[PDB]
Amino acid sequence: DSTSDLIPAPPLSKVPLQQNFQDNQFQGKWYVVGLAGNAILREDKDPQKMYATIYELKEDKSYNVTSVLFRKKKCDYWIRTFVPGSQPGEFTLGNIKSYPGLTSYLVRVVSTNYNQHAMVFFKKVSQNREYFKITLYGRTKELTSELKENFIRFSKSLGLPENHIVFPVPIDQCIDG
């Protein structure tokens, strides 16, 4: 039992796709330099720590996806599989049945130069609620003012206000591996 109110997912027509997506070049570690979405909330009192997401291409060309976060003095690892979708740069979630209440999952790479930065859009339906987020990925933990403002502009263009747009604080634990 619950009640909740969410900013609606934008139509997919407002979400560009990186042209000529190169899956081999997108591999490796990305830091989450910026975070936005309808279930993302700024918390000034206990700000979000930076985490990292590693993309490894398997032999079948799906990604093994591992996220690592520092929490409760430990490194927590989350693993999922991204299965190539309708066009290059889009993915759906492998083994969706193993996740209760999850009926829909989409990933679209919005833009990337592969060696410094990226913006990725995620949309899912979980317990019948439609969630979305955008990640600003960094090859390093810091990015230019220009790339952060572009990320803000894009997030706002999808209906998100500033208090749904977070810039996680760089840390050293867990994510420098």
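Heads up: residue numbers just count along the shown sequence, starting at 1.
Averaged over their C-alpha atoms, the temperature factors of 56-64 and 131-139 are higher for 56-64. Between the stretches 42-50 and 114-122, it is 42-50 that shows the larger average CA temperature factor. Among all modelled residues in its chain, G89 ranks in the lowest third by Cα B-factor. When all modelled residues of the chain are sorted by CA temperature factor, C75 is found within the middle third.
Sort the modelled residues of the chain by CA B factor and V33 lands in the lowest third.
In the deposited entry, the Cα temperature factor of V109 places it in the lowest third of its chain's modelled residues.
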